[PDB]
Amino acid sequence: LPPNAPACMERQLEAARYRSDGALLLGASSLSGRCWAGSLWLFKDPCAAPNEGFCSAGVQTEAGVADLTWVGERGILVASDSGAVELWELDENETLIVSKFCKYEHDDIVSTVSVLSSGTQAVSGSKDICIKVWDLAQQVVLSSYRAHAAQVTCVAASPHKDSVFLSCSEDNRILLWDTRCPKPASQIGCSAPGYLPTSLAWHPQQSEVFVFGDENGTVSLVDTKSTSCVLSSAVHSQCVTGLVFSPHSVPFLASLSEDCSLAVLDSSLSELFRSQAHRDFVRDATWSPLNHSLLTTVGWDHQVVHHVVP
């Protein structure tokens, strides 16, 4: 194993993100036992994960990682339990992973981060109910917003606009943001107050639409323009923790849940694929940039499964 890379990888795999070049990012937390912490792992070999010996780089974080995202090619942005958003810069040779900044700005676990379309800025969500907008260059918080009445479940940056992102909370609100308005937030979503939202994915092309999964295992396709819930389906038996759109020009929706099942859906939310291969919770997915019909999932069962999606 590489220098300054931990001997043992923590049991609970939270994050799984492919870079443009086909390398696999893994975040993992220790959610039980003496020491409650986490770690970052770069795998230039995606088939050699989770194994700690045949990895390119790895590092120990002070605390567990709740969410993870690439900043471009060399940058790794981390939502810590510590109340910190930490930015880990990758090495020249890409052999070690070094802390660039680590800022304790939230007052409770940081549960979600998302990088804005520019790539110079990110918005974080925490259990302290605050949402914050970061300057990654300057390493400081630009904006701090208490829009919500409950812990923030999910924040998702718009693909193409640096001032727009969705957020959702246990206060039952889905909030469409726009930092240009003097009241930045705007409460959209279905007619009657329904079941709590748990996950958000923008459509990668129709910049006006997105999907949200609820705690009842129901994925919903929504228009902000039409601002009226066109479509939905009962995909999962339990909470929907993640929605991930494929890189195809007409894309597929991967749906990962606490019922330990992965689903893949067409644009009308009918079922194309499903996998039981995970026997604990399914925590993330990223599609292969190299093979557009390959999909990678990680669980709390320390499994890294790779799927052939028809």
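In this text, rigid core is short for the largest set of C-alphas that superpose within 1.5 Å between two forms. All residue numbers refer to positions in the sequence shown, first residue = 1.
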Between 181-189 and 166-174, greater root mean square CA displacement in 6 other deposited structures of this protein relative to the shown form, after rigid core superposition, belongs to 181-189
The stretch whose C-alpha atoms carry the larger average B-factor in the entry, 205-213 or 106-114, is 205-213
As the entry reports it, the stretch among 222-230 and 68-76 with higher mean C-alpha B factor is 222-230
Among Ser82, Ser99, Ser167, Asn172, the highest C-alpha B-factor in the PDB entry belongs to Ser99
Reading the B-factor column for Cα atoms of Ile131, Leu90, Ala150, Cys154, the highest value belongs to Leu90
Chain-relative C-alpha B factor for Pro197 (record values, thirds): the lowest
Here the Cα B-factor of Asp178, set against its chain, lands in the third termed lowest
Split the chain's modelled residues into thirds by Cα B-factor; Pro159 lands in the middle
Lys44: CA B-factor among chain residues, third -> highest
Split the chain's modelled residues into thirds by Cα B-factor; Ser275 lands in the middle
